[PDB]
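Taking the form deposited in one PDB entry, here's one chain by itself in structure tokens.
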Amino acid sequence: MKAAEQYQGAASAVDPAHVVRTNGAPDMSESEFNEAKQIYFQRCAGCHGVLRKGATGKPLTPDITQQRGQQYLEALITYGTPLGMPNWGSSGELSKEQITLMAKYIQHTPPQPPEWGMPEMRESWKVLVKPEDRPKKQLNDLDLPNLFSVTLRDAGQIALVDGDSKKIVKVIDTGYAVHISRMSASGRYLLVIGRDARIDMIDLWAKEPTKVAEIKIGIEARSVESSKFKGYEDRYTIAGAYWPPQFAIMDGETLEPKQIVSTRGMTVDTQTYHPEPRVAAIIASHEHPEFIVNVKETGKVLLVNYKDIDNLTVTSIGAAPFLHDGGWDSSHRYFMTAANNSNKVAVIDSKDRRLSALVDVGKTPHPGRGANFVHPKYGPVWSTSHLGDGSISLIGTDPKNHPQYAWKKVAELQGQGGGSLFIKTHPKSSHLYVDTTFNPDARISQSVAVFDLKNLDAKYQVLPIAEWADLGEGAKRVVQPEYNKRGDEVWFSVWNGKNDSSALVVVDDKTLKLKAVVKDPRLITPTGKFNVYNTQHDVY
């Protein structure tokens, strides 16, 4: 009756005088609030995050913002900061009236976007073609290993480009602005994820590659990955979300949602609670049946063991805050990940399940998956490009046979300048390609630098990738070099405007000569290109 009521009726130990109401912000209309909120996610949420704690420095919470004041915040938004906070008034990007509204907005409690659990996922889950009715053999005659999965960012779709043919073979509708493409261990299924957290599974064996499953694992995402460990091929596919701060494990044949795990938790450096730790790069392990999951704001690398997904076991490894992209080393044991805004590179030992070291590097490293090669003096190494730096950092990745040079910034190369984004090579190649996508100089932003590994002390050659495309108007930012299955050509993307004309430019790695140019009215804002074989077997 009420005996259990009296049992739990005791007063909470929490002192009510220490629980506080959240107000004290300047009055804002409903129309005004929504206008600043539209600006925040259009211009600010990328760094500061949904809850405004995703960047360095003091956060944009009420207690902090109200302490500064209306005019401090207006002043700091108008003129920015030399530590990565741009200026929105001096640049003319925002208006005096708008900046005033932003200063008022961040003094209010940050509005919350909704959660996304199993009910939301299962409703988003669609098996368009059931595995029973899927082909048992490759129907088409495509040379799938040398297929490129090219992202048509603004078009909300992806294009399959036959490597040798240089022609588009199909265009598939996907989530908006796909970020990466990943292959299943079998090589039959192509996985793509949009920044809106929609995943699509493509069957490369159908008469024409078709989608077979679909699911939305959140509101904002970046990464997807498939199980690579011996015996667990196509068993499970993982995907991490920016919001909600979580990742999800799904069946690898149907994408059925199985498990959802929150990444909300304590940070490695300060060991305080963080309400929005965004999941970034995910990579499958060869040593154990685990997914190595990067968690950005908390600086944790998680080892998600799918041996038993009903009773999940996770090992949380401390590294450095702001974990971002990364990739394997030549051995496929040591996961080199870039804690970009910590200017460090963490080394995750997938075998011993620990952090091998933290390597100091240049200003904001950005390697993507990186580039591995054998240095004459320093043995095997792993290299990264940089955004705030024009440098290239080489890191020893050979502890067994090169303890002298291991997890050390053994040597630097210098590229065309800052704004670099991806560094690329190939085992069969003697060159090292470095793009300058976000360099503020036009010429540099549409060129790439090529180093000669045969003689590494020489200066690089500059290749005019955009010039070779002969597009015309547009910024024509070049981005992301990728090799073919055979390794003797290097594909480039000219990330021109949505309403301008773009292209993919293919270079002969043997001669460093223009080999071909890919143009098509369907190839809108081409960004990421992913060779099936090279991506599937971590060739980089």
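Just count from 1 along the sequence shown to find any residue number. The term rigid core refers to the most C-alpha atoms you can superpose between the two forms while keeping them within 1.5 Å.
> May I ask you to compare 467 to 475 and 46 to 54 by their mean CA B factor in the entry and name the higher one?
Here the higher of the two C-alpha B-factor means belongs to 467 to 475.
> Between 230 to 238 and 319 to 327, which has the larger average Cα B-factor in the PDB entry?
Looking at the record's C-alpha B-factors, the answer is 230 to 238.
> Have a look at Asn496, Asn484, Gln480, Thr61 and flag the one whose Cα has the highest B-factor in the entry.
Checking the PDB record, the top C-alpha B-factor among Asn496, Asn484, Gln480, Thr61 is at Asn484.
> Select one of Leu142, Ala213, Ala338, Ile282: the residue whose C-alpha shows the highest B-factor in the crystal structure entry.
Comparing C-alpha B-factors across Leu142, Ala213, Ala338, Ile282, the top value belongs to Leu142.
> Among the modelled residues of this chain, does the Cα B factor of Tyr72 put it in the lowest, middle or highest third?
As the PDB entry reports it, the C-alpha B-factor of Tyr72 lands in the middle third of its chain.
> Where does the C-alpha B-factor of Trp116 rank in its chain, lowest, middle or highest third?
According to the entry, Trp116 has a C-alpha B-factor in the chain's lowest third.
> Taking only the Cα B-factors deposited for this chain, tell me whether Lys170 sits in the lowest, middle or highest third.
Its C-alpha B-factor, which the entry lists for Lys170, ranks in the middle third among residues of this chain.
> Taking the C-alpha B-factors as the PDB entry records them, is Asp133 in the lowest, middle or highest third of its chain?
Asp133: CA B-factor falls in the highest third of its chain.
> State the tercile, meaning the lowest, middle or highest third, of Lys363 with respect to the CA B-factors recorded for its chain.
Lowest third - that is where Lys363 ends up once the chain's C-alpha B-factors are sorted.
There is also a form deposited in another entry; it is not shown, and the following applies to it.
> If you fit the two forms on their rigid core, which residue out of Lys136, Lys459, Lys167, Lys96 shows a CA shift of at least 2 Å between the shown form and the other one?
That would be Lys96.
> Taking the rigid core as the reference frame, is the Cα of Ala206 displaced by 2 Å or more between the shown form and the other one?
It does not, since the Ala206 C-alpha is displaced less than 2 Å between the shown form and the other one after the core fit.
> Core superposed first: is there a CA shift of 2 Å or greater at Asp63 between the shown form and the other one?
Yes; that C-alpha moves by at least 2 Å between the shown form and the other one.
> Relative to the superposed rigid core, does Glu35 relocate between the shown form and the other one - that is, does its Cα move 2 Å or more?
Yes, because once the rigid core is superposed, the C-alpha of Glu35 moves 2 Å or more between the shown form and the other one.
> Over in the other structure, so in that other deposited form, do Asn294 and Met85 pull closer or drift farther apart at the C-alpha level? The difference is 3 angstroms or more.
Farther apart, by at least 3 Å.
> Distance change of 3 Å or more between the C-alpha atoms of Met121 and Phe41 in that other deposited form: closer or farther compared with this structure?
Closer, not farther.
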